[PDB]
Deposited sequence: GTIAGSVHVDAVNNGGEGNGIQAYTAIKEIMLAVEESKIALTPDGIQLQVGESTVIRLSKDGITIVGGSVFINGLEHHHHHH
């Protein structure tokens, strides 16, 4: 399905098309596609995760 919504009572903006979503809340911003591609922004920083992440042609590998 698809949802585009802005609500204040409880404060959220959501844009969604199936599994692709952008959400804004007082805690920050999340962009995601499916279950494992996610960019999250919060007051304290940013997390970027993806099965493959490429930045200007160079792959950023996983660290555990």
- Item | Missing CA stretches, deposited numbering from 1, N-terminus first | 10-26, 82
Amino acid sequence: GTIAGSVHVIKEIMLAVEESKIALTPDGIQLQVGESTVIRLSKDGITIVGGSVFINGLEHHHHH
From here on, numbers count along this sequence of modelled residues.
- Message: Using only C-alpha atoms and the B-factors in the entry, which stretch averages higher, 6-14 or 45-53?
- Response: 6-14
